[PDB]
Structure formats: C-alpha cells, structure tokens
Amino acid sequence: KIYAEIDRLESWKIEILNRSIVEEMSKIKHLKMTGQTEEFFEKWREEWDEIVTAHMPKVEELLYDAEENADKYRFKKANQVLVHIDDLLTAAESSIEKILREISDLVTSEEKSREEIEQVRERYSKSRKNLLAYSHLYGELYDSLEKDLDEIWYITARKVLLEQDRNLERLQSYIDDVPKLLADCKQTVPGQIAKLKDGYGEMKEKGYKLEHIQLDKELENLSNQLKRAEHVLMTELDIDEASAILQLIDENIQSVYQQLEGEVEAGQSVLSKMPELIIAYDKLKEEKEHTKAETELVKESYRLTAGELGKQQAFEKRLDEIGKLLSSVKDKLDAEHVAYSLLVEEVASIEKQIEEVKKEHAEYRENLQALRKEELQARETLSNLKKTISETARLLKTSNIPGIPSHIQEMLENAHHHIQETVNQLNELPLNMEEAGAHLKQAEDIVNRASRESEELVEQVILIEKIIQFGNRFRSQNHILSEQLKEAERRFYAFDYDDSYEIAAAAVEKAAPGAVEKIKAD
C-alpha cells in the first residue's frame with residue numbers, strides 16, 4: 001500500500017529536479033558557447049526532457065493500483081515495473097546532470113589554463129629569440145605550436161589545449177637540454193678523441209705490438225658511437241638515446257684510460273722486481289757455502305755422503321734454471337720495440353722462485369750448523385745409557401735364580417754390541433752423524449726394553465721370595481703345595497711360579513695379593 005506513497009515521492013522528486021535543471025540551462029552557466037558542440041546538446045537536452053514528458057505520463061496512465069485495490073498479487077507485478085521505470089529515468093537523468101557539470105567544468109577550467117599556455121609560449125619565443133645553434137627544428141615546433149593556439153580560438157578545443165601543454169613541455173625539454181647536447185659534439189667528443197690519440201702518441205714509450213690489435217680498435221668503435229649520436233640528434237630524434245650514448249662513450253673512454261694506467265703500473269712494478277735480481281747475485285754465494293762445506297774434512301763426514309751432498313747440487317741446478325729464466329725475461333724485455341705489461345705474470349713466478357730457493361739454502365745452512373750440536377746430545381744419550389745398563393746390571397744380583405736364562409745372553413750381548421758401534425762413532429775422525437744415529441735407533445728400546453723386563457724380574461723374584469717366606473709349614477696340604485713351587489722356580493720357567501702364589505692366595509686371606517705386596521711397597 002505504501003508503495004503508492006513511494007511512487008508519489010519519486011514523481012515529485014523527478015519532476016521538481018527536472019524543472020530545476022531545465023530551468024537551469026539558460027539562466028545559469030550560460031556564459032561561453034561554441035556554435036558547434038553546444039548545438040548538439042542544445043538538442044540532446046531537449047529530447048532527454050521530451051522523454052520524461054512521455055515516460056512520466058506513461059506512469060500516470062499506469063496508476064491502475066487505484067482500481068486494483070482488491071488483490072495483492074497483481075499489485076507488485078504492476079508496481080516493481082513502475083519503480084524500475086522511475087529508476088530507469090532517474091538513472092538517465094543524473095547522467096545528464098553529470099554531462100553538464102562537465103561541459104560547464106571543461107570550459108571554465110580550460111578557460112583558466114590558456115592563460116598559462118600563452119604565458120609559456122611567451123617564454124619560448126624568448127628562449128629561441130637568443131639562439132642559433134640547433135634552431136632549425138625549434139622554428140617548426142614553435143610555428144606549429146602557435147598555429148594550434150591560434151586554432152583553439154568546446155571539448156575539442158579543451159583537447160587541443162591539453163595537447164599544447166605536452167607540446168610546450170617538449171619544447172623546453174628541448175631548449176633546456178639541447179644546449180649541452182651539441183656542446184659535447186664539438187669540444188667533448190673530439191675533446192676526448194684528441195686526448196686518446198695523443199694518449200697513444202705519449203704511450204709510444206711504453207706500448208707493444210701485442211696491443212696494436214686490442215687497443216686501436218676501441219677508437220674504431222667510438223668513432224662509430226659519435227656518428228650514431230649525431231644521426232640520432234640531427235634526425236627528429238631527441239635527447240633520449242643520445243644522452244645515453246654519451247654515457248656509453250664516456251664508459252668506453254675511461255675504460256681505455258684505466259687500461260693505460262694499468263700499463264703504467266706494469267712499467268713501475270719492474271723497477272721493484274728487477275732490483276730483486278740484485279739479490280740474484282747475493283744468493284750466488286754457492287762457493288761461499290761450499291767452503292762451509294769444507295768442514296766435512298774435519299768432522300761430520302756424512303755431509304759428503306748421499307742425501308746431504310746431494311740436494312744442494314740440485315739447488316745449484318735450480319739456481320742455474322732461474323738464472324736462465326732471468327736472462328730470458330730480460331732478453332724478451334729489452335727489445336727494439338717497446339716493452340709492455342704481459343711481463344707481470346712472468347715475474348710473479350720469479351719472486352716465488354727466489355722466495356723458495358733462499359729458504360732452501362737457509363735450511364741447509366741450518367743443517368750444516370746443527371751437526372756440531374748433534375754429536376753432543378748423542379754423547380749425552382750414550383753417557384746415560386751406560387749408567388742405566390750399569391745400575392740394572394748390578395740390580396741383577398741377589399736373585400738366587402739366574403735371570404732370563406734365554407734372554408740373558410741376548411739383550412746383554414746387545415750392551416757390548418751397541419757400544420762398540422759407539423766406539424766406531426766417537427773414534428772416527430772425521431766421524432759421521434748418520435752412522436751414529438743408525439746405531440742409536442738400534443740403541444733405543446734395546447737398552448730400556450732390556451732393563452724394564454729385568455727390573456720386573458728382580459721385582460718378581462724378591463716378591464716371590466718374600467711370599468714363600470710366609471710359607472706355612474704347619475698346614476698339611478698347603479705345605480706340600482709350597483714345595484711344588486720351590487722345585488718349580490729353581491728351574492728355568494716364568495709361569496711355574498705364576499700359579500704358585502695363587503695357591504698361596506687360595507689358603508690365605510683375600511688380602512694375599514696385598515699381604516706381601518704392601519710390605520714390599522714400603
């Protein structure tokens with residue numbers, strides 16, 4: 001039922017709003033009028049309102065709801081129709097209102113922009129007034145520009161203005177940058193070409209044919225880039241690409257400069273790598289070390305033996321080799337054609353070649369000097385081994401059973417048979433430390449590993465003696481077992497007495513391995 005009221009509402013609304021806006025066509029915003037674009041809408045506004053004076057009385061006709069007051073089903077079927085119609089009209093109205101609130105906008109706005117546009121064309125006449133470099137295209141541009149501005153004198157005109165903005169932007173985007181642009185194709189293009197060719201002209205005191213291929217070619221690339229830049233600018237193309245080309249060129253140039261400074265470096269490095277050949281004679285003191293190698297005649301004659309007199313001569317071989325590499329390097333260097341830079345890789349090796357050999361001859365200096373000390377610590381070791389052997393030899397008393405019956409005439413017949421070797425050592429004149437060291441590796445762990453076992457045997461004998469010394473003859477089955485130990489020990493067997501005192505631990509307290517072993521450890 002209330003739908004009827006809503007129907008009145010969206011009728012009063014549309015009618016009053018349309019009355020107002022149609023009333024607001026001649027009595028408002030009437031200022032400005034183009035006799036072309038306006039006469040289009042001066043008909044569109046008519047027919048658009050001619051619609052609503054036909055499509056609203058259709059709604060008036062369709063007020064059958066007044067009669068259809070008996071049903072509620074046929075109601076909405078002839079109601080939503082109408083409401084959607086009203087929506088269809090008022091959606092076609094606000095479209096118009098937006099149309100006009102643009103035409104009145106797209107005039108009054110652009111009417112305030114032509115001021116700035118003319119203001120800019122006043123500052124482009126001036127900026128080309130005083131100019132003759134590159135002022136052939138500028139004339140054409142200014143000309144067409146002012147032709148356009150002369151043409152603008154509605155919406156089409158707005159568009160033309162909006163064109164002229166961008167056009168102006170391009171005009172001073174030109175007039176600003178182009179000054180410096182040509183200014184490099186006159187004093188900064190040959191300004192660098194001259195500096196580089198005269199560069200080579202100077203670098204004719206430090207340059208080779210090896211670089212007569214990858215050197216003079218980059219100028220053949222540059223001399224292209226320049227003409228490419230020119231063909232860019234002088235043709236309708238603009239700062240874009242060309243301003244990049246200048247960068248590319250600059251990169252090329254300074255790359256070349258770096259390449260030159262690197263050979264200045266290679267030239268300067270030699271002056272610190274060929275006074276290293278001054279030390280190449282300071283290490284030619286072979287005949288000063290081979291005189292130090294004439295104290296073989298007085299002592300340590302193993303210098304004259306292998307693995308010692310050798311190696312040094314091999315370092316004389318190495319010194320000959322590097323000595324030849326030097327002459328080859330200088331020979332290659334001192335040519336009628338100038339020197340260059342590929343030499344650096346050929347000397348970095350040589351610095352190492354001396355760095356090593358020097359340390360080698362140093363090592364052999366040390367080796368020679370050490371021998372005089374080697375036959376001292378050796379004398380210490382032997383003079384000690386004698387003491388050890390003595391004391392253990394005397395320790396081999398008191399133990400009523402002759403120790404290691406098999407290993408007695410074995411590890412003691414190495415006491416005499418590895419001292420007569422030392423007789424041969426410190427009696428030799430000149431002696432040799434190899435003959436000494438050999439009969440010392442054969443002296444180590446053959447004196448000790450014969451004293452350890454012996455001391456363990458003495459310990460064992462004293463122990464067992466003090467064990468049976470607590471032999472308890474008062475027992476009947478322990479005594480007769482104890483007798484089976486004496487008869488076993490007085491032979492020549494080291495296990496015969498092992499299970500011996502194990503019996504003496506299986507009839508005596510748990511502290512049997514501590515009964516005697518403690519008293520002994522006192």
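Here the Cβ positions follow ideal geometry from the backbone for every residue, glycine too, while neighbour counts run over all protein chains shown. Bear in mind that the values in this text are calculations on the coordinates, not laboratory data.
Worth a mention:
- From the options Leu9, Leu88, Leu82, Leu17, residue that is touching a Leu at 6+ places or on another chain (Cβ under 7 Å), in a helix (DSSP H, G or I) and over 30 Å from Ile152 (Cα atoms): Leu82
- Residue among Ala157, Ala91 that alone is loosely packed, with under 13 Cβ neighbours inside 10 Å, among the aliphatic types (A, V, I, L, M) and over 30 Å from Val178 (Cβ atoms): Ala91
- Test: residue in segment 212-233 that is of a type in the set (S, T, N, Q), in a helix (DSSP H, G or I) and under 34 Å from the mean Cα position of the chain (by Cα): yes
- The listed residue being farther than 30 Å from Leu168 by Cβ and in contact with a helix residue (DSSP H, G or I) (Cβ under 8 Å, 6 or more places away or on another chain), out of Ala70, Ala92: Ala92
- Of all residues in segment 350-404, exactly one satisfies the criterion of being of a type in the set (S, T, N, Q) and closer than 28 Å to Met274 by Cα, namely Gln353.
- The set of residues from segment 329-360 being among the hydroxyl-bearing types (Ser, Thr, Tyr) and farther than 30 Å from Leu309 by Cβ comprises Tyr340, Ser341.
- Residues located in segment 436-451, provided they are loosely packed, with under 15 Cβ neighbours inside 10 Å, assigned to a helix (DSSP H, G or I) and either among the β-branched types (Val, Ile, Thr) or in contact with a helix residue (DSSP H, G or I) (Cβ under 9 Å, 6 or more places away or on another chain) (or both): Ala438, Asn448, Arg449
- The lone exception for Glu380 - which of (1) over 19 Å from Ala293 (Cα atoms); (2) surrounded by 13 or more Cβ atoms within 10 Å (Cβ to Cβ) it fails: (2)
- Residue check, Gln187 among the polar types (S, T, N, Q), more than 30 Å from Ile21 (Cβ to Cβ) and touching a helix residue (DSSP H, G or I) at 6+ places or on another chain (Cβ under 8 Å): no
- Count - residues of segment 20-66 that are part of a helix (DSSP H, G or I) and closer than 27 Å to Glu5 by Cβ: 18
- Subset tally (residues that are surrounded by 14 or more Cβ atoms within 10 Å (Cβ to Cβ) and hydroxyl-bearing (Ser, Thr, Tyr)) for segment 33-63: 2
- Taken together, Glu351, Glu380 contain a single residue that is in a helix (DSSP H, G or I), of a type in the set (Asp, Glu) and within 30 Å of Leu440 (Cβ to Cβ), which is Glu380.
- In segment 104-117, the residues that are touching a helix residue (DSSP H, G or I) at 6+ places or on another chain (Cβ under 7 Å) and either assigned to a helix (DSSP H, G or I) or exposed (fewer than 14 other Cβ atoms within 10 Å of the Cβ) (or both): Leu106, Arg114, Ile117
- Residues satisfying the stated conditions in segment 64-75, i.e. surrounded by 12 or more Cβ atoms within 10 Å (Cβ to Cβ) and among the basic types (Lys, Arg): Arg74
- Residue satisfying condition, being more than 23 Å from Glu296 (Cβ to Cβ) and in a helix (DSSP H, G or I), within set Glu345, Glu366: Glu345
- Residues (under 19 Å from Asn384 (Cα atoms), in a helix (DSSP H, G or I) and among the acidic types (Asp, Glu)) located in segment 395-434: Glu421
- Hey, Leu141 of a type outside the set (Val, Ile, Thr), part of a helix (DSSP H, G or I), surrounded by 13 or more Cβ atoms within 10 Å (Cβ to Cβ) and touching an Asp or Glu at 6+ places or on another chain (Cβ under 7 Å) or not: no
- In segment 484-496, the residue that is nearest to the chain's Cα centre (by Cα) out of those that are more than 22 Å from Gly514 (Cα to Cα) and surrounded by fewer than 14 Cβ atoms within 10 Å (Cβ to Cβ) is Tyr493.
- If you go through segment 424-435 and keep only what is farther than 15 Å from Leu304 by Cα and in contact with a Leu (Cβ under 9 Å, 6 or more places away or on another chain), you end up with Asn424, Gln425, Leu426.
- In this structure, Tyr364 qualifies as over 30 Å from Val270 (Cα atoms) and either surrounded by 13 or more Cβ atoms within 10 Å (Cβ to Cβ) or touching a helix residue (DSSP H, G or I) at 6+ places or on another chain (Cβ under 9 Å) (or both).
- Unique match (being exposed (fewer than 13 other Cβ atoms within 10 Å of the Cβ), of a type in the set (D, E, K, R), closer than 30 Å to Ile103 by Cα and under 53 Å from the mean Cα position of the chain (by Cα)) among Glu122, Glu169: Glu169
- Checked against the criterion of being surrounded by 11 or more Cβ atoms within 10 Å (Cβ to Cβ) and under 26 Å from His136 (Cβ atoms), segment 210-223 contains one or more residues that satisfy it.
- Checklist (1) under 44 Å from the mean Cα position of the chain (by Cα); (2) over 30 Å from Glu261 (Cβ atoms) applied to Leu343, failing item: (2)
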